[PDB]
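Take a look at the structure set out below.
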Amino acid sequence: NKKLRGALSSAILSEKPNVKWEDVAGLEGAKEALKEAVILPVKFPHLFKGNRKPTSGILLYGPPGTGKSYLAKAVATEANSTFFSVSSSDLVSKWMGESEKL
Amino acid sequence: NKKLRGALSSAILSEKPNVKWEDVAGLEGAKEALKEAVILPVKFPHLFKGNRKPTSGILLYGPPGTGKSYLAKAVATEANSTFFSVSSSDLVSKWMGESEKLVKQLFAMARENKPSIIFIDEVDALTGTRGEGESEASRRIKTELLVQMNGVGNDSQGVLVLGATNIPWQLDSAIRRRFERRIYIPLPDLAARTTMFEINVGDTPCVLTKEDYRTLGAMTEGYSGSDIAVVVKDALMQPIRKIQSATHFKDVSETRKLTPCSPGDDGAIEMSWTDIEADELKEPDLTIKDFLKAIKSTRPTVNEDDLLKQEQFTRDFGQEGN
Amino acid sequence: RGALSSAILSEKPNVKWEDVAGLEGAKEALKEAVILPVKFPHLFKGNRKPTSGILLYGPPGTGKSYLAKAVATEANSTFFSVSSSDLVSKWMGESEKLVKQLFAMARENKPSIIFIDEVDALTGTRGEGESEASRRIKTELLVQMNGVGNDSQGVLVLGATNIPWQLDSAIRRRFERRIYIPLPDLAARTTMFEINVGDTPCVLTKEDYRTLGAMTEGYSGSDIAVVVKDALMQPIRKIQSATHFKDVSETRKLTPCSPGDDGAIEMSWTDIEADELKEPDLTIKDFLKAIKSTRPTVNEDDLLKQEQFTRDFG
Amino acid sequence: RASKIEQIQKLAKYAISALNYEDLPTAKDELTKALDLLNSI
Amino acid sequence: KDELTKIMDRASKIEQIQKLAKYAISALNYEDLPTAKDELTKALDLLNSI
Amino acid sequence: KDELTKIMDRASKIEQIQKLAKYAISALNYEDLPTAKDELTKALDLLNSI
Amino acid sequence: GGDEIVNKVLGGXXXXXXXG
Ligand SMILES: Nc1ncnc2c1ncn2[C@@H]1O[C@H](COP(=O)(O)OP(=O)(O)O)[C@@H](O)[C@H]1O
Ligand SMILES: Nc1ncnc2c1ncn2[C@@H]1O[C@H](COP(=O)(O)OP(=O)(O)O)[C@@H](O)[C@H]1O
Ligand SMILES: Nc1ncnc2c1ncn2[C@@H]1O[C@H](COP(=O)(O)OP(=O)(O)O)[C@@H](O)[C@H]1O
Ligand code: BEF
Ligand code: BEF
Ligand SMILES: [Mg+2]
Ligand SMILES: [Mg+2]
Ligand SMILES: [Mg+2]
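Line order of the protein sequences matches chains D, B, A, H, I, K and G.
With PDB author numbering applied, the first sequence corresponds to residues 112 to 213, in that order.
With PDB author numbering applied, the second sequence corresponds to residues 112 to 364, 369 to 437, in that order.
With PDB author numbering applied, the third sequence corresponds to residues 116 to 364, 369 to 433, in that order.
With PDB author numbering applied, the fourth sequence corresponds to residues 290 to 330, in that order.
With PDB author numbering applied, the fifth sequence corresponds to residues 281 to 330, in that order.
With PDB author numbering applied, the sixth sequence corresponds to residues 281 to 330, in that order.
With PDB author numbering applied, the seventh sequence corresponds to residues 1 to 12, 18 to 25, in that order.
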């Protein structure tokens with residue numbers, strides 16, 4: 112209980128790296144989709160009532176070095192919500208049946 | 112020292128599952144070997160004196176779903192002795208040394224309550240040929256199993272170690288040496304399938320005859336015992352679907372014993388079966404069409420490669436179980 | 116402490132030296148190593164030191180524990196038949212204290228002999244195993260097997276192993292005598308059949324035992340024992356096939376015969392009381408049926424691995 | 290009819306029981322009295 | 281070895297004759313005269329082959 | 281075997297007729313007369329093929 | 001010391022006995 116939360120508390124970032132939406136060039140459709148899916152349920156929660164639900168997962172694929180992590184930094188900057196930045200070293204553990212609990 | 116016996120006392124079942132020797136369809140050689148293993152040393156103790164000793168281990172192996180657990184239930188029913196049903200959850204412990212002290216206390220209780228039967232289902236989980244597995248559990252459990260099976264200063268006399276596994280080739284060579292009776296339980300033949308249909312149908316009122324059961328056994332080509340059990344279950348559940356998905360009932364012959376039939380008859384009352392209260396229920400009897408539909412719906416489970424592996428194991432180190 | 120009261124046996128299983136069929140070199144080596152320091156104590160002093168380590172290996176089920184039982188019978192010495200169950204505990208340090216007090220009691224009870232069955236349960240080659248219950252126990256056994264100057268008179272360690280190539284090289288070098296127990300030859304097969312039949316009445320002759328041993332090509336001792344057990348159980352199955360019983364000669372000793380004979384009393388077999396059933400006699404056909412039924416329990420991979428091990432450490 | 294077919298099994302059993310003493314005589318006979326009767330059916 | 285081949289060979293034939301008879305019996309249990317009249321025969325011929 | 285082929289063969293056709301009728305019904309649930317008038321027909325012809 | 005508890009690890018098994 113305490114060990115898993117103490118290991119996963121380091122995944123939350125509170126530094127808030129200042130990358131605005133104007134710091135990314137192009138990517139208009141990805142900008143619009145990420146903008147609505149992170150801004151609109153936080154800003155106007157009365158628009159999604161019942162039948163209409165927000166997006167529950169976005170995959171950003173492409174060539175390496177195209178601004179995917181930069182776009183994620185922009186979302187983490189102007190998200191105004193909790194951001195979890197996990198990787199392979201924080202989920203995979205040495206013991207048997209420990210990664211799934213993580 | 113008493114907590115180990117308190118934990119191991121939950122492995123002695125007292126429910127006595129009513130499975131007799133007439134319930135098992137076929138497997139006459141395996142039934143005769145189990146009879147001469149358990150029934151004879153308690154009924155006729157004046158024959159096993161001197162250099163004549165009873166069997167001290169029987170390995171039942173075959174395809175999945177052939178009746179090894181059913182013969183174990185029949186032995187536990189007709190044995191009139193202490194039956195130990197252990198597995199990998201009753202021997203492996205969290206501490207160090209308890210994983211062998213539990214096996215030692217289990218064999219001590221089996222020798223204290225002689226005549227007793229130890230039935231280890233899925234012996235391939237504990238015996239993994241000690242070449243690559245986990246060092247502590249594998250080596251210590253396998254060596255303690257060998258020592259408690261024969262050893263030197265143990266003298267296991269009167270106990271029987273039954274084992275039922277689907278993977279007989281993945282056993283340790285020393286464990287295969289310990290199991291002195293390798294009995295292959297195969298897929299059932301035509302007469303075994305017909306007697307299994309006769310057993311599984313039971314006292315349900317049906318229009319089926321012996322020729323109908325013979326044609327059913329000729330139709331089920333390559334089926335297993337669990338497959339025969341589930342096609343019997345599907346054919347028995349078929350009148351419930353007949354009384355559910357039909358209208359226009361008709362009173363036949369008795370406080371309104373009404374039966375679903377074709378729409379339009381002598382009193383085809385259009386209502387629902389949910390409004391009909393109990394005991395005015397005359398369900399349609401079983402025919403060969405319901406069992407044919409059950410055969411057409413349900414598919415055999417056992418493939419034709421594991422049969423080749425079991426055949427290779429029989430021709431290597433195995434007997435036949437008829 | 117007092118928990119080691121089960122490692123010693125007081126039963127003394129009656130297995131003499133004549134019961135062990137074959138294995139003449141291993142038998143004479145164990146015989147001299149257990150008898151001659153007790154027989155002639157002046158013969159072993161200084162340079163001509165007795166054997167302090169004996170190791171037995173080979174295919175599974177060849178007579179290693181049987182030879183240990185024969186030593187425990189005809190040794191007249193304290194037998195310590197202990198394994199890995201009485202050496203490891205839940206606590207720390209007691210796993211070393213158990214071996215320490217074991218060797219202390221074995222030195223106090225001289226002349227004694229320690230037989231460790233399945234010594235590979237203590238030698239996991241310490242790859243990535245349990246440290247406090249593997250490596251410290253192995254080093255404790257290595258420093259307690261240093262009785263080449265300490266235990267010159269007294270204890271003697273044994274060993275029986277089915278898979279000897281997965282053994283620690285330090286304890287392999289500490290075991291100075293490594294005897295390979297092979298599959299028995301034809302004469303050992305014939306005298307093993309003669310021993311396993313014993314006082315049971317039969318019509319089998321020496322030529323019948325010789326052709327039985329010639330039929331058993333590649334069989335083992337436990338396979339010969341279960342073949343003898345099946346041949347003993349076959350007249351009970353012939354009595355169970357009850358049809359047309361017939362009395363022979369005292370006080371109504373019945374015997375089943377062929378269907379249609381003189382005096383074929385057609386009755387059952389459970390209606391007759393005990394001690395008046397003249398059972399049929401052991402032919403060679405039931406032995407041949409037991410040969411056709413029972414299969415050899417050993418394969419060819421274990422034999423070539425045993426050959427590789429004895430050609431690497433003979 | 291049913292009694293006649295049963296009397297074959299009764300025979301063919303005795304025959305089996307007979308071979309258990311290698312008694313070919315009895316066997317070759319009962320296995321025969323039986324067969325003839327299955328043709329009498 | 282050859283005397284053993286002889287006793288085992290005849291013992292094997294006898295086992296086969298008994299098997300065929302048992303199959304024949306099992307067959308009549310469905311009134312299947314066809315199978316019966318055949319196995320009861322393959323068996324008999326073989327008892328003469330002895 | 282051949283009498284079995286006969287009962288199963290007709291039983292199979294009846295199942296197909298009922299399937300086509302069920303499809304036809306399902307079709308009217310969109311007012312799709314086209315499909316309907318067809319499946320209700322492929323079905324009927326087949327009940328005459330019986 | 002106290003009791004010694006056997007655990008399990010993953011390779012690519019063993020017994021890392023983490024006692025109390
Ligand atoms: N559209 C863009 N606008 C601004 N900077 C960009 C853009 N695309 C790439 N970059 C720069 O390129 C670098 C690569 O970013 P990143 O998303 O981490 O690449 P990847 O995730 O593919 O390794 C970043 O440091 C970023 O500053
Ligand atoms: N040979 C058989 N005789 C009678 N019933 C059988 C036979 N084989 C299977 N069954 C039925 O199907 C079930 C499945 O067999 P089961 O004993 O569970 O096999 P297993 O040992 O593979 O687990 C049995 O419980 C029984 O109801
Ligand atoms: N030399 C032998 N003499 C007599 N019987 C033997 C011999 N070797 C093997 N056997 C038979 O095979 C068994 C194998 O020996 P046993 O001590 O039980 O196990 P192990 O050889 O595997 O240590 C013996 O108990 C006995 O029945
Ligand atoms: F599925 Be069973 F145990 F063969
Ligand atoms: F060779 Be035995 F199984 F110890
Ligand atoms: Mg990136
Ligand atoms: Mg099972
Ligand atoms: Mg042994």
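Cβ atoms here follow ideal geometry from the backbone N, Cα and C, with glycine treated the same way.
Contacts around residue i, its chain only, beta-carbon distance under 7 angstroms, and the 5 residues preceding and following it disregarded
i	result
B/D323	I403
B/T305	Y324, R325 and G328
B/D400	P316, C317 and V318
B/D362	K372, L373 and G382
Close-in-space but distant-in-sequence residues of the same chain around residue i (CB under 8 angstroms, 5 per side omitted)
i	result
D/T193	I123
residue 366 of chain A	A break in chain A separates 364 from 369, and the residue in question, residue 366 of chain A, sits inside that break with no coordinates.
D/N191	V153
B/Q349	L401, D405, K408 and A409
B/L237	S199, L202, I231, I252, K253 and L256
K/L320	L300, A301 and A304
Contact under 9 angstroms by Cβ, residue i with residue j
i	j	result
A/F195	A/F159	no
H/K293	H/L326	yes
A/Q281	B/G242	yes
A/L347	A/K372	no
B/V197	B/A248	no
B/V234	B/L182	no
B/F290	B/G140	no
B/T370	B/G176	no
A/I286	A/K253	yes
A/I351	B/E143	no
Element boundaries [beta strand (DSSP E), containing residue i]
i	result
K/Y303	Careful: K/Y303 lies outside any beta strand (DSSP E), inside the alpha helix (DSSP H) at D282 to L308.
A/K361	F360 to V363
B/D232	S227 to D232
A/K127	Where A/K127 is concerned, there is no enclosing beta strand (DSSP E), given that its DSSP letter is neither H nor E.
B/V272	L271 to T276
B/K253	No beta strand (DSSP E) contains B/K253, which is instead part of the alpha helix (DSSP H) from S246 to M260.
B/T374	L373 to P375
When the options are compared against residue i, the one with the closest alpha-carbon
i	options	result
A/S200	B/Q259, B/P174 and B/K127	B/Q259
B/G333	B/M348, B/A303, B/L319 and B/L347	B/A303
I/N309	B/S167, B/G313, B/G262 and B/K321	B/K321
I/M288	A/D421, A/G313, A/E209 and A/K411	A/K411
B/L422	B/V153, B/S125, B/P174 and B/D345	B/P174
I/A323	H/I330, H/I297, H/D312 and H/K317	H/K317
H/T315	A/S377, A/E255 and A/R116	A/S377
A/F360	A/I339, A/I391, A/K344 and A/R414	A/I391
B/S267	B/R222, B/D232, B/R292 and B/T238	B/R222
A/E209	A/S125, A/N162, A/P165 and A/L119	A/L119
B/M307	B/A340, B/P297, B/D314 and B/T276	B/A340
B/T276	B/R293, B/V263, B/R288 and B/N261	B/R293
A/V263	A/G161, A/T413 and A/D338	A/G161
Same chain only: Cβ atoms within 6 angstroms of residue i, ignoring 5 sequence neighbours per side
i	result
D/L171	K179
A/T429	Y295
B/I384	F360
Residue span of the alpha helix (DSSP H) that contains residue i, given as start and end
i	result
D/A190	Premise fails: D/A190 is in no alpha helix (DSSP H) and is neither H nor E.
D/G117	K113 to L119
B/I403	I403 to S412
A/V343	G336 to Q355
Query raised in the report: Between the region 303-311 of chain H and the region 346-362 of chain A, do at least 3 Cβ pairs fall closer than 8 angstroms?
Result: A contact between stretches requires three or more CB pairs, one per stretch, nearer than 8 angstroms, and the region 303-311 of chain H meets this requirement with the region 346-362 of chain A.
**Report entry** At least 3 beta-carbon pairs within less than 8 angstroms: the region 219-236 of chain B vs the region 267-281 of chain B
**Finding:** By the Cβ criterion, the region 219-236 of chain B is in contact with the region 267-281 of chain B, since at least three pairs of Cβ atoms, one from each stretch, lie closer than 8 angstroms.
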